[PDB]
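S.K.: Residue numbers (the numbering used here), protein chains in the order written: chain S, 186 to 234; chain C, 17 to 63.
Backbone N, C-alpha and C fix where the C-beta goes; we use that ideal spot for every residue, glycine too.
Got a structure for you, questions after.
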Amino acid sequence: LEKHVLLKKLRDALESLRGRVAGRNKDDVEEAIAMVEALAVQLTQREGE
Amino acid sequence: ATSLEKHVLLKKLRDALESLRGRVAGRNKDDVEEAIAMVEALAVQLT
Numbered sequence: 186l187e188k189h190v191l192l193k194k195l196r197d198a199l200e201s202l203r204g205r206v207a208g209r210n211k212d213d214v215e216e217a218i219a220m221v222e223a224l225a226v227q228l229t230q231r232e233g234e
Numbered sequence: 017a018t019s020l021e022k023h024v025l026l027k028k029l030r031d032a033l034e035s036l037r038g039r040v041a042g043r044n045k046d047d048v049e050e051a052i053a054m055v056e057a058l059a060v061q062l063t
C-alpha cells in the first residue's frame with residue numbers, strides 16, 4: 186500500500202486497536218479490518234490478478 | 017471492483033467504527049476517533 190499511505194496507516198491503526206479491545210468491540214474492529222483488506226486489494230489489483 | 021462494492025465497503029467500515037464510540041475504555045477513545053477520521057477522509061477521497 187506504498188502508493189496509498191492513508192489506507193496503509195488505517196490498516197495499521199486497526200491492527201493495533203484490535204490488540205487492545207475485547208468481546209464484541211473486537212468483532213467490530215475485525216469487521217473494519219476485513220473492509221480495509223477488501224478496499225486495499227481492489228485499489229492494488231494488477232491486470233492478471 | 018465496482019463502485020457499488022466500494023461504497024458498500026466504506027459504509028460498513030464507517031458503521032463498524034461508529035459502534036465503538038462510547039463503548040471502548042478511555043485510553044482507546046482517541047484511537048477510535050483517529051480511525052473514524054481516516055475512514056471519512058478515505059470516503060471523501062473517492063467521491
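Grouping DSSP H, G and I as helix and E and B as strand, with all else coil, what is C:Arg39?
M.R.: Taking the first residue of the second sequence as 1, we reach residue 39 of chain C at position 23. Reduced to three states, the DSSP call for C:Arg39 is coil.
S.K.: In the stretch 214 to 230 of chain S, which residues sit with their C-beta less than 7 Å from some C-beta in chain C, listed in chain order?
M.R.: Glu216, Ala217, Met220, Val221, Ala223, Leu224, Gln227 and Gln230
S.K.: What does S:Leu199 reach in chain C if we use C-beta pairs closer than 7 Å?
M.R.: Taking the first sequence and counting its residues from 1, one reaches residue 199 of chain S at position 14. Going along chain C in sequence order, the residues near S:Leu199 (Cβ under 7 Å) are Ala51.
S.K.: Could you name the residues of the same chain whose beta carbon sits closer than 6 Å to that of C:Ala59, not counting the 5 residues immediately before and after it, in chain order?
M.R.: Translated into positions along the second sequence, residue 59 of chain C becomes position 43. The answer, listed in chain order, is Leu26.
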